[PDB]
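Engineer: Below you'll find the structure I mean.
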Protein chains: 4
Amino acid sequence: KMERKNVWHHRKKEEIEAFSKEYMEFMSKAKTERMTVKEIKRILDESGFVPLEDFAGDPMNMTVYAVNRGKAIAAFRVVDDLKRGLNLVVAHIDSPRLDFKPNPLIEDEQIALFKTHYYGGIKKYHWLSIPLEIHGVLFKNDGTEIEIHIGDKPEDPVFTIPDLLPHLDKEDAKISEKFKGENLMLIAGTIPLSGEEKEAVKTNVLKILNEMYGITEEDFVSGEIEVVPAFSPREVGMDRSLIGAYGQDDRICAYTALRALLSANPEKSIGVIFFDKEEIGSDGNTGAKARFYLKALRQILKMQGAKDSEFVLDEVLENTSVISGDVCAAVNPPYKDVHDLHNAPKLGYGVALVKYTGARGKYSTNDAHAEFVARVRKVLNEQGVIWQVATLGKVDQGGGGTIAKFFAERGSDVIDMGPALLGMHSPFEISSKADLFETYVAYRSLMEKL
Amino acid sequence: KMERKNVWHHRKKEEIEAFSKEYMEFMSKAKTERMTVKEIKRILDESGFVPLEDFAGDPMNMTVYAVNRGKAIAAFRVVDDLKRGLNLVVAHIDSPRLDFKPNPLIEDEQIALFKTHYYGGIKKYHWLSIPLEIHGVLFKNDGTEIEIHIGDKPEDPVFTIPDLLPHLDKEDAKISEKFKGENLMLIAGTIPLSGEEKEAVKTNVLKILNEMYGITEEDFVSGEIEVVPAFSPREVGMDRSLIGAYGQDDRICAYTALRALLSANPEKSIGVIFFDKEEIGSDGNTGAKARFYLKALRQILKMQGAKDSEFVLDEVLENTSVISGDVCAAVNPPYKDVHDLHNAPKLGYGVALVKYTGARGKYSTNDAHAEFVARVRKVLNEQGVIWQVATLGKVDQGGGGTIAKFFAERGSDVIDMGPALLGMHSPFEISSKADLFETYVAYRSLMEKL
Amino acid sequence: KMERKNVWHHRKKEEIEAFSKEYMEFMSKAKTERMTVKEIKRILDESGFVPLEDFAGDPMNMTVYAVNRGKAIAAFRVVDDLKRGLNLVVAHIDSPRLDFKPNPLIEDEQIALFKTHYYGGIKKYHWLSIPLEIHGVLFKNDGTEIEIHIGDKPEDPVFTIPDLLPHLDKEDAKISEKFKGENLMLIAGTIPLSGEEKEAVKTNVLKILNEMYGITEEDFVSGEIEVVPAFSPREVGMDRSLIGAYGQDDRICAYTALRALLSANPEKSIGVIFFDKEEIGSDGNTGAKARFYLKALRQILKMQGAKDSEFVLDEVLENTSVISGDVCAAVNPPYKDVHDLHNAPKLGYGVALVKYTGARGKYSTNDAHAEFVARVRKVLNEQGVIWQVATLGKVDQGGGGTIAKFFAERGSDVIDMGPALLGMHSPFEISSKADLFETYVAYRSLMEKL
Amino acid sequence: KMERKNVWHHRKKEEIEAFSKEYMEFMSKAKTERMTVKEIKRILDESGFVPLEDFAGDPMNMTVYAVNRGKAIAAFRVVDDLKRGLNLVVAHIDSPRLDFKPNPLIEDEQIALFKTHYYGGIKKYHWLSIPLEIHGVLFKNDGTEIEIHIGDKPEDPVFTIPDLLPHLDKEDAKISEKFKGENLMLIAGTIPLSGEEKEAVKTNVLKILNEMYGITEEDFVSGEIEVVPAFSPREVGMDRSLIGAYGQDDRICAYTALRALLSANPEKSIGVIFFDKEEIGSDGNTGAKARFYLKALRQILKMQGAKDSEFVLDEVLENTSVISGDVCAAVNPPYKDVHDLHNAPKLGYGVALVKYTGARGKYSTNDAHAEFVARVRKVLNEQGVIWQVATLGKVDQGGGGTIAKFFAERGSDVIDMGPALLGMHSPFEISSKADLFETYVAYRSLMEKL
Ligand SMILES: [Mn+2]
Ligand SMILES: [Mn+2]
Ligand SMILES: [Mn+2]
Ligand SMILES: [Mn+2]
Ligand SMILES: [Mn+2]
Ligand SMILES: [Mn+2]
Ligand SMILES: [Mn+2]
Ligand SMILES: [Mn+2]
């Protein structure tokens with residue numbers, strides 16, 4: 001008994017392949033959280049969703065969405081009274097990146113550089129000597145919004161933070177020292193602008209930016225630009241069983257959840273909420289823990305006749321099951337020693353059910369209740385969903401931490417659930433096509449029969 | 001001339017003893033938060049309490065309780081308009097222990113073992129070579145609930161995590177290294193099944209668990225089992241002045257508070273709330289950071305006719321005095337240099353009044369206001385309660401942190417109060433019978449006089 | 001070819017179980033070398049034995065015994081003249097423990113304390129924060145003997161050596177440092193006698209001790225009090241195949257040898273000798289090398305007509321096969337590296353036959369001769385006794401040393417043999433019921449057939 | 001209320017003083033075991049003792065002595081059937097010193113030096129730059145015996161091992177390094193012989209030793225010379241309360257015992273045995289591990305008509321109480337943290353009753369039984385002897401180990417008793433005049449009352 005089935009042996013190859021190409025197409029547009037919101041919203045508009053604010057026409061049946069500030073977005077399919085509660089799948093759309101500084105442009109030794117400040121649990125050495133592209137937006141003083149996208153197009157140049165050749169790198173310190181956040185600067189120019197006696201190369205770059213976007217240097221301050229890997233999603237492996245791409249840290253869950261939401265046949269209200277800032281603690285007004293979430297829900301309660309928002313919300317949240325959809329780590333052979341094999345997920349064996357994460361003895365982590373796990377286990381088994389238990393490394397390996405805790409905090413039962421990755425947080429995260437497909441299945445089954 | 005008074009010299013040996021036996025009897029039942037709740041409930045059911053969800057009586061005079069998820073519980077004796085506030089004593093009913101992994105059963109070197117994942121700030125070396133009890137619940141796929149209690153009965157076997165004999169335990173690492181969470185596995189069985197050629201021993205335990213609970217290996221995933229010391233409460237010392245027992249960390253405060261709640265003659269509404277998860281940060285929907293707390297008060301308010309829950313709450317919490325009932329550290333002679341003797345509690349000298357905890361200089365902790373302490377100082381003195389001021393060690397020694405900050409965060413004045421233990425977080429914590437009693441006396445008078 | 005059999009597959013579950021209940025009854029009586037001698041003495045008395053000191057019958061068929069100083073005891077069943085030598089199995093009845101110092105009572109920080117001095121190879125951290133009980137004897141200045149047994153009964157208070165709470169335990173030292181033998185003091189009392197200007201608590205404890213035993217502080221000098229863990233023997237495991245108890249380190253070999261002595265049907269004289277002082281190197285009056293052993297044999301020889309004691313003895317010992325009892329170490333999965341699996345004993349695979357108890361290349365050990373092992377191997381095999389070979393860990397892992405050498409030194413052939421333990425020297429040692437039984441089965445065979 | 005009594009307040013200053021001068025006079029003679037024996041003999045010859053080999057008197061009333069090899073001696077006052085046992089006090093007459101190598105004379109940098117090989121646990125740095133005496137015997141090939149005593153007479157020169165002046169003694173190593181045995185060489189001479197062209201200085205010393213003792217260089221091989229401090233016994237302190245002297249380590253016990261043997265009025269046979277070699281393990285035919293001890297008793301037994309020596313011995317040793325007379329360590333104020341003040345002896349507070357020594361928890365040491373201590377406690381108290389309990393430092397501090405275990409090994413009950421020194425093993429050990437006296441008083445009463 002107690003054996004894990006391999007998805008490739010219980011699901012249609014063609015179905016997996018198809019769903020796989022749709023995912024990667026999406027991962028081609030979703031490099032930042034602003035692009036993911038944009039890309040999700042249009043998929044919603046395309047599927048007949050309308051802004052919750054603009055909705056008119058009977059609650060008890062309304063498919064709407066609420067965009068936070070371009071950084072977060074919540075989509076619901078209200079099918080009944082919210083006091084009946086709902087099935088939610090929460091995920092995050094921010095991934096480790098680089099981020100320009102308020103004053104990014106500088107020149108050092110006749111070379112224009114863009115200074116950055118890493119974001120999230122990055123691994124410095126991953127971002128040295130690889131083709132990067134930049135995305136983001138800048139506002140002119142008058143308030144004109146300027147979008148930037150350089151590197152995603154073949155006629156576009158890419159950027160780079162060149163490593164030091166090994167011939168003159170005569171000094172090996174701990175991975176800690178060596179690789180300083182400050183030296184993560186993209187080369188921006190090198191060509192001096194004839195006639196300038198002070199920082200000719202920097203000036204020239206500003207000249208190009210001004211002729212190209214009508215922007216001036218002070219416009220970087222009132223703007224945000226993210227540096228990401230130019231690698232495009234690709235199939236991986238001789239058997240083409242895996243997917244390689246940047247930002248799979250939850251965009252893989254966001255995508256699957258989105259899809260599950262669009263094909264589900266609910267019984268009670270359902271929805272998905274994609275948050276930002278999770279990679280740095282979920283602070284700010286666009287991450288989990290922000291009033292945003294309960295505000296969207298309160299808005300609905302009023303349209304449904306709720307007299308006392310907060311009181312009614314108590315039942316809404318009392319009922320309502322939340323699936324914290326985030327990723328975990330798959331046993332990586334050369335480093336199998338970091339896991340407890342009897343509780344570590346394997347690529348291809350299905351969605352991982354992660355009861356508790358955290359660190360040093362379940363510190364600051366949400367631990368799902370046996371009653372909830374039971375209810376989740378029953379729906380999955382009845383729907384023939386293929387899943388596997390998943391722990392975040394041997395007892396004291398570390399890591400741990402999702403957004404699930406911020407939801408149990410509001411009174412709802414939550415459980416972490418998603419596919420296992422390889423090389424998480426790197427510029428090219430690996431995932432299994434089959435698991436990617438089964439997560440979608442799982443989320444849909446839970447949204448429906450939970 | 002300010003000096004501390006010894007409770008034994010001011011309270012009647014026979015009343016302390018009676019209270020001790022009642023406490024120890026309670027402690028023989030409350031070994032986990034689930035068992036504690038169930039035990040606190042039957043005591044509440046007697047005494048005449050009814051669920052808040054099934055009240056239907058006079059909203060101005062109700063003695064009710066709310067059970068979160070079998071892991072937390074709130075009990076109030078509402079005898080006025082809650083707008084006038086409550087007098088609440090709060091504590092936690094969870095203690096450092098060992099939890100079974102989702103997949104706990106494995107076999108190694110022909111021996112069945114149950115893997116664990118320690119919960120809370122335990123001292124790993126305490127759990128090696130001591131009798132252990134298994135407690136918890138398992139859910140079979142169909143939904144069936146199965147309670148497990150093994151080792152707490154004379155006709156029951158116990159479990160152990162045998163340490164390595166000193167003869168081959170060469171090489172002495174720091175306490176950090178040595179003693180690794182991963183190695184905290186209980187021996188499940190050693191007898192192999194006849195005919196079985198693959199894990200004959202693990203197969204046997206499964207055969208046994210099945211002929212006993214009708215469960216299969218996978219039921220552990222949708223289960224929550226906790227390992228606890230087989231030690232039962234006992235008197236300690238030649239003068240029988242102390243109590244040795246597992247989980248005194250707050251269940252001692254929970255008991256004294258519960259008792260004070262039942263004995264009190266309150267002028268205003270009083271109540272006690274017992275939380276889960278504090279030993280890991282209070283995260284989770286059963287922690288003192290979850291909606292549950294304010295959910296219950298809002299519930300009571302509507303029954304009293306509140307029209308705008310939130311607004312009415314601002315006042316309820318504005319008034320209302322919360323007593324954070326948690327234990328502090330008494331001076332352990334051999335390690336007395338860890339304390340500031342002029343600000344450290346002593347066994348037998350009364351309840352400890354703990355103004356602020358935290359570390360490195362009041363970091364992340366509630367620091368009682370001088371005026372709130374003043375009100376407390378006056379009640380205790382007026383009723384002749386034996387108390388003493390306590391601190392959690394010398395300035396930069398260690399780090400405390402109770403749930404007090406979670407209620408102060410909600411607008412109420414809060415202070416930490418409880419008995420002083422010796423060997424906190426170990427399998428056999430020590431407390432003073434005299435302090436036990438006086439804590440109850442303190443909680444009751446504060447409930448009635450604040 | 002060549003494979004160990006599991007005793008559970010070749011022995012009646014009813015026999016093993018019953019013999020186990022009896023051994024456990026015994027272990028709840030033998031917690032110190034004195035109580036063990038006392039216990040063994042009555043089992044002998046009830047079985048027909050009488051003191052060698054006052055035997056009268058035929059010196060060719062005598063079943064006597066000789067207690068040394070209430071700490072050691074030799075029991076023989078002379079069935080022929082000792083010149084034919086006899087078959088003996090020797091074990092030790094002392095176990096690592098804590099001893100009260102001559103002046104054990106002191107007070108510090110208003111806490112009565114009992115200073116100890118550990119005995120044998122204990123792991124100091126094992127004794128912190130666990131229930132303890134004291135057993136021993138004190139003599140008044142007039143010669144009166146006072147027995148002390150506090151903690152072995154429920155009504156009795158138990159003692160403890162509270163560890164420091166993790167919160168304030170800062171310095172991360174290595175096992176060597178930290179856990180100072182000096183800090184292993186039991187808490188004596190905390191209540192202060194009113195009216196006492198100095199050391200009020202200590203006076204109260206002496207006041208309690210004097211009303212209970214009429215003793216005075218000086219009576220501890222002419223006394224011997226041992227500190228033993230409070231917990232009693234319990235079955236262990238889901239399959240209940242193991243036994244957990246303090247002092248299994250040879251009280252187990254002594255018990256099985258005893259029972260084997262009573263039910264054996266000898267062909268030549270046989271006997272069992274239980275020694276003291278083994279955990280410290282067998283020094284003193286009651287040790288394995290304390291003259292007591294040969295004094296008993298000479299006595300018996302003289303009762304048989306021995307003219308030149310020492311000369312005759314030369315032959316008595318020339319013949320005479322000695323089986324050194326004592327336990328060995330089983331493989332503890334998480335620490336299996338410590339062992340050479342091909343030469344290490346497994347729990348439940350029979351009596352361990354240890355040829356030598358090395359230490360860095362067999363220093364100071366009794367390596368049994370091939371021809372003597374062959375003799376033993378023939379008997380065990382022919383009698384169908386299940387056994388396995390066992391070495392005390394990998395080559396330079398650690399030390400070892402049974403009393404066997406003290407007997408080979410006297411001219412006899414010796415060989416180490418007993419069951420395999422887990423967590424040796426801890427307060428809760430683990431052993432297999434099956435092995436417990438086969439050791440008894442093995443001793444009985446060898447006595448009857450060597 | 002238990003408290004120690006100060007001998008100076010209970011024994012008569014004039015009797016202590018008289019005893020002190022007699023002791024110090026003895027100590028001026030006994031500087032080595034060979035000199036001590038010779039000195040103990042003439043005192044025994046007076047007082048009326050005769051060699052055991054030349055007795056020929058009443059076997060039931062003999063006061064004899066046995067000299068081992070001029071290095072050990074036994075003296076008994078047999079006044080009954082030895083079967084009734086003896087009351088023996090044992091001590092050693094050897095002390096830490098420096099021995100001449102077999103070939104001790106060498107020359108280096110034009111200076112004759114005598115190489116040495118330290119004996120016993122000395123502190124090398126004590127022997128640098130202090131006056132030294134040379135004592136011992138040399139045998140010329142023909143067999144002639146030549147006693148050497150140089151430095152103990154005013155008209156004698158002394159020797160020295162000059163340390164390096166601090167000015168060039170750069171580099172500070174641990175006490176281990178620095179101070180090397182090999183470098184403990186006494187300056188023999190510095191004057192060169194006229195005409196000599198090879199080692200003119202070593203040649204001179206040889207010429208001198210020859211015109212003085214008629215010896216040649218090779219006679220040192222068949223010789224045994226010991227280097228000893230030139231310091232002579234002296235009163236110490238303003239109150240003249242102490243005694244400073246070399247070799248107090250036991251010669252203080254040997255003296256007090258000898259004196260008690262001569263003063264006593266015994267009920268049963270009493271005696272004292274003085275051993276050699278204890279300072280290195282008691283190995284050798286003059287140590288307390290050699291046949292000598294039992295050889296003498298067997299001798300006495302035959303004279304009493306014993307037919308079977310060994311058998312009769314079992315009883316002799318069965319009865320017979322042995323007092324291990326050796327010194328313990330008094331608290332040295334500046335280094336008082338090395339002791340457990342509640343169990344450490346103090347100068348002037350009587351003989352120390354030392355139950356067990358050894359290290360790491362009673363390893364390799366005799367641990368007196370409670371009943372034996374009881375008998376001792378009673379005699380001392382009954383005769384009003386001032387005594388105190390002593391321990392050799394805190395639990396894991398150091399390591400003791402007296403010859404007590406060698407007699408307990410032979411069947412007799414044994415306990416350690418002696419005065420408390422300060423600076424043991426140094427060239428000038430300190431003892432208390434009051435303790436000196438009281439030791440003698442204790443030994444005598446025990447001899448007469450046990
Ligand atoms: Mn991440
Ligand atoms: Mn994530
Ligand atoms: Mn705690
Ligand atoms: Mn607590
Ligand atoms: Mn042992
Ligand atoms: Mn042993
Ligand atoms: Mn010495
Ligand atoms: Mn000595």
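Ligands are numbered from 1 in the order shown, residues from 1 within each chain, and chains are lettered A, B, ... in the order they appear in the structure tokens.
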Show which residues sit within 12 Å of segment 198-203 of chain C, as a compact mmCIF listing (two decimals) with N, CA, C and O atoms, in the first residue's frame. Count only C-alpha atoms, and ignore same-chain residues fewer than 5 positions away.

Structural biologist:
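Okay, this is what ended up in result07.txt:
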# COMPACT_ATOMS: atom_id res chain seq x y z
N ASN B 6 6.59 35.34 51.96
CA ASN B 6 6.49 33.97 51.50
C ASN B 6 5.06 33.45 51.67
O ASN B 6 4.57 33.34 52.78
N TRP B 8 3.74 30.65 51.84
CA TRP B 8 3.56 29.57 52.81
C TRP B 8 3.31 30.12 54.21
O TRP B 8 2.74 29.44 55.07
N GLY B 237 10.26 17.38 46.30
CA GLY B 237 10.98 17.85 47.47
C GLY B 237 10.60 17.17 48.77
O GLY B 237 9.52 16.59 48.87
N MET B 238 11.49 17.24 49.76
CA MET B 238 11.24 16.66 51.07
C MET B 238 10.08 17.33 51.79
O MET B 238 9.35 16.69 52.56
N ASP B 239 9.92 18.63 51.56
CA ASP B 239 8.83 19.38 52.19
C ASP B 239 7.59 19.39 51.30
O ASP B 239 6.65 20.14 51.56
N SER B 241 6.85 20.82 48.84
CA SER B 241 6.50 22.17 48.45
C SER B 241 6.33 22.44 46.96
O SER B 241 5.67 23.42 46.57
N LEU B 347 10.74 30.99 44.00
CA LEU B 347 9.69 30.03 44.32
C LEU B 347 9.10 30.29 45.70
O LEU B 347 9.83 30.42 46.69
N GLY B 348 7.77 30.40 45.77
CA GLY B 348 7.11 30.62 47.05
C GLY B 348 6.82 32.06 47.44
O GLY B 348 6.14 32.31 48.43
N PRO C 104 25.69 16.43 52.11
CA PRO C 104 24.88 16.73 50.94
C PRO C 104 23.96 17.94 51.04
O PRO C 104 23.68 18.58 50.04
N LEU C 105 23.50 18.25 52.25
CA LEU C 105 22.58 19.35 52.48
C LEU C 105 23.17 20.75 52.60
O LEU C 105 23.97 21.03 53.48
N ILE C 106 22.73 21.64 51.71
CA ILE C 106 23.16 23.03 51.70
C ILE C 106 21.97 23.88 51.28
O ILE C 106 20.95 23.34 50.85
N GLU C 107 22.10 25.19 51.42
CA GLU C 107 21.05 26.10 51.00
C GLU C 107 21.70 27.19 50.16
O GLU C 107 22.81 27.63 50.44
N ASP C 108 21.01 27.61 49.11
CA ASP C 108 21.52 28.66 48.24
C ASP C 108 20.35 29.35 47.57
O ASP C 108 19.52 28.71 46.93
N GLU C 109 20.29 30.67 47.72
CA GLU C 109 19.21 31.47 47.16
C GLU C 109 17.86 31.04 47.73
O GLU C 109 16.85 31.04 47.02
N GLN C 110 17.86 30.69 49.01
CA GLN C 110 16.66 30.25 49.73
C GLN C 110 16.11 28.91 49.23
O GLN C 110 14.90 28.67 49.26
N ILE C 111 17.00 28.04 48.78
CA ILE C 111 16.61 26.73 48.29
C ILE C 111 17.48 25.62 48.87
O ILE C 111 18.70 25.61 48.68
N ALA C 112 16.84 24.69 49.57
CA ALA C 112 17.55 23.56 50.15
C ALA C 112 17.96 22.66 48.98
O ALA C 112 17.15 22.36 48.11
N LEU C 113 19.22 22.25 48.97
CA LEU C 113 19.75 21.41 47.89
C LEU C 113 20.50 20.17 48.40
O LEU C 113 21.06 20.18 49.49
N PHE C 114 20.48 19.11 47.60
CA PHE C 114 21.18 17.88 47.94
C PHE C 114 22.31 17.70 46.91
O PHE C 114 22.04 17.39 45.75
N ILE C 187 16.68 19.31 44.30
CA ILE C 187 16.04 20.33 45.11
C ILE C 187 15.48 19.65 46.35
O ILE C 187 14.62 18.77 46.26
N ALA C 188 15.97 20.05 47.52
CA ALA C 188 15.56 19.46 48.79
C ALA C 188 14.27 20.05 49.35
O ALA C 188 13.39 19.31 49.79
N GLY C 189 14.17 21.37 49.33
CA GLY C 189 12.99 22.04 49.84
C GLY C 189 13.03 23.51 49.50
O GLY C 189 14.07 24.01 49.09
N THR C 190 11.91 24.20 49.66
CA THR C 190 11.83 25.61 49.34
C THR C 190 11.13 26.41 50.43
O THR C 190 11.24 27.65 50.47
N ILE C 191 10.40 25.71 51.31
CA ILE C 191 9.68 26.34 52.42
C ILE C 191 10.62 26.72 53.56
O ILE C 191 11.42 25.91 54.01
N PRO C 192 10.54 27.97 54.05
CA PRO C 192 11.41 28.38 55.14
C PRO C 192 10.72 28.28 56.49
O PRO C 192 9.56 28.67 56.63
N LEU C 193 11.43 27.74 57.48
CA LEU C 193 10.89 27.61 58.83
C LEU C 193 10.82 29.03 59.40
O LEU C 193 11.83 29.72 59.45
N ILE C 208 12.17 18.29 59.10
CA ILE C 208 11.29 17.28 58.52
C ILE C 208 11.96 15.92 58.62
O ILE C 208 11.32 14.94 59.00
N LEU C 209 13.24 15.86 58.25
CA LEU C 209 14.02 14.62 58.28
C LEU C 209 14.17 14.05 59.68
O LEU C 209 14.24 12.84 59.85
N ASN C 210 14.23 14.93 60.68
CA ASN C 210 14.37 14.48 62.05
C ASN C 210 13.08 13.98 62.67
O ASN C 210 13.10 13.13 63.55
N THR C 216 20.04 13.42 62.07
CA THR C 216 20.61 14.76 62.16
C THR C 216 21.54 14.90 60.97
O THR C 216 21.96 13.90 60.38
N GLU C 217 21.87 16.12 60.61
CA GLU C 217 22.73 16.35 59.46
C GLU C 217 24.01 15.52 59.42
O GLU C 217 24.49 15.18 58.33
N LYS D 1 22.28 21.32 65.05
CA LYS D 1 23.17 22.30 64.36
C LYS D 1 24.59 21.74 64.25
O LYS D 1 25.34 21.74 65.22
N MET D 2 24.94 21.26 63.06
CA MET D 2 26.25 20.67 62.81
C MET D 2 27.33 21.68 62.42
O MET D 2 27.20 22.39 61.43

Engineer: To test your reading of the structure, identify every residue in segment 192-373 of chain D that backbone DSSP assigns to strand (DSSP E), and report it as a PyMOL selection string.

Structural biologist: chain D and resi 223-229+234-236+242-245+269-275+321-325+328-329+351-354

Engineer: Can you work out which residues are within 9 Å of ligand 1, considering only C-alpha atoms and all ligand atoms, and then hand them over as a list in words?

Structural biologist: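 Checking only C-alpha atoms and all ligand atoms against ligand 1 at 9 Å gives residues 92, 94, 95, 96, 120, 121, 122, 247, 249, 250, 278, 279, 280, 326, 327, 401, 402, 424 and 425 of chain A.
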
Engineer: Give the residues of chain A that lie within 7 Å of chain B; count only C-alpha atoms, and format the answer as a VMD selection string.

Structural biologist: chain A and resid 2 308 310 to 311 314 342 to 343 361 to 367 370 373 to 374 377 to 378 389 394 to 396 405 408 to 412

Engineer: Write out the residues from the selection above, keeping N, CA and C atoms, as a compact mmCIF listing (two decimals), in the first residue's frame.

Structural biologist:
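After the write, result19.txt holds the following:
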# COMPACT_ATOMS: atom_id res chain seq x y z
N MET A 2 0.24 2.41 0.33
CA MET A 2 0.93 3.70 0.35
C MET A 2 2.02 3.79 -0.70
N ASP A 308 -24.03 45.00 8.50
CA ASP A 308 -22.82 45.18 9.31
C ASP A 308 -21.62 44.41 8.74
N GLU A 310 -18.30 43.94 8.89
CA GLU A 310 -17.45 43.15 9.78
C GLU A 310 -18.10 41.94 10.45
N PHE A 311 -19.33 42.09 10.91
CA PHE A 311 -20.00 41.00 11.57
C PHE A 311 -20.30 39.89 10.57
N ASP A 314 -17.45 37.82 9.50
CA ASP A 314 -17.02 36.80 10.45
C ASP A 314 -17.48 35.43 10.00
N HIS A 342 11.32 10.47 2.78
CA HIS A 342 9.99 9.92 3.07
C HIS A 342 8.95 11.04 3.08
N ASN A 343 9.41 12.28 2.99
CA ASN A 343 8.53 13.45 3.00
C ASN A 343 8.97 14.55 2.03
N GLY A 361 11.48 24.06 13.92
CA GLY A 361 10.39 23.55 14.74
C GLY A 361 9.06 24.25 14.54
N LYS A 362 8.72 24.46 13.27
CA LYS A 362 7.46 25.09 12.87
C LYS A 362 7.28 26.52 13.37
N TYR A 363 8.36 27.29 13.40
CA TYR A 363 8.27 28.67 13.86
C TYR A 363 7.67 29.54 12.77
N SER A 364 6.77 30.43 13.19
CA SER A 364 6.11 31.39 12.31
C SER A 364 5.59 30.84 10.98
N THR A 365 4.97 29.67 11.02
CA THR A 365 4.43 29.05 9.82
C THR A 365 3.03 28.58 10.11
N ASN A 366 2.20 28.53 9.07
CA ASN A 366 0.85 28.05 9.25
C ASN A 366 0.86 26.53 9.14
N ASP A 367 0.34 25.86 10.15
CA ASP A 367 0.26 24.40 10.14
C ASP A 367 -1.22 24.04 9.95
N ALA A 370 -5.57 18.82 11.14
CA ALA A 370 -5.87 17.48 10.66
C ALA A 370 -7.27 17.40 10.04
N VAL A 373 -6.94 18.94 6.52
CA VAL A 373 -6.15 18.07 5.65
C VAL A 373 -7.02 16.90 5.23
N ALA A 374 -7.82 16.40 6.17
CA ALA A 374 -8.70 15.27 5.92
C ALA A 374 -9.70 15.63 4.83
N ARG A 377 -7.88 15.83 1.61
CA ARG A 377 -7.46 14.50 1.18
C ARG A 377 -8.63 13.75 0.54
N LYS A 378 -9.82 13.89 1.13
CA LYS A 378 -11.01 13.20 0.64
C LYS A 378 -11.44 13.64 -0.75
N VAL A 389 2.80 13.99 -0.44
CA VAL A 389 3.14 14.73 0.76
C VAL A 389 4.43 15.52 0.47
N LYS A 394 15.02 18.51 5.61
CA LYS A 394 15.16 17.82 6.89
C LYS A 394 14.74 18.81 7.97
N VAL A 395 14.42 18.32 9.16
CA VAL A 395 13.96 19.19 10.25
C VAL A 395 14.57 20.59 10.36
N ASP A 396 15.88 20.72 10.51
CA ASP A 396 16.45 22.06 10.63
C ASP A 396 17.26 22.60 9.44
N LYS A 405 -0.31 31.73 6.24
CA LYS A 405 -0.51 32.18 7.62
C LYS A 405 -1.37 33.45 7.73
N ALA A 408 -5.15 32.25 7.69
CA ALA A 408 -5.67 31.56 8.86
C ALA A 408 -5.83 32.67 9.90
N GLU A 409 -4.99 33.70 9.77
CA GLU A 409 -5.01 34.83 10.67
C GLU A 409 -6.37 35.52 10.63
N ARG A 410 -7.03 35.46 9.48
CA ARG A 410 -8.35 36.07 9.32
C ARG A 410 -9.47 35.07 9.60
N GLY A 411 -9.14 33.93 10.19
CA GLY A 411 -10.15 32.94 10.53
C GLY A 411 -10.48 31.80 9.58
N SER A 412 -9.86 31.76 8.41
CA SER A 412 -10.14 30.68 7.46
C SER A 412 -9.15 29.52 7.59

Engineer: Could you tell me how far atom CA of residue 350 of chain D sits from atom CA of residue 7 of chain D, in Å to one decimal place?

Structural biologist: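 Distance reported for this atom pair: 6.1 Å.
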
Engineer: Report the distance between atom CA of residue 36 of chain C and atom CA of residue 233 of chain C in Å, rounded to one decimal place.

Structural biologist: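 Going from atom CA of residue 36 of chain C over to atom CA of residue 233 of chain C, I get 14.9 Å.
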
Engineer: Which polymer residues have any atom within 8 Å of an atom of segment 431-441 of chain B, counting only C-alpha atoms, with same-chain residues fewer than 6 positions away left out, as a ChimeraX atom specification?

Structural biologist: /B:7-8,16-17,19-20,241-244,248,252-253,256-257,259-260,347-351,385-386,418-422
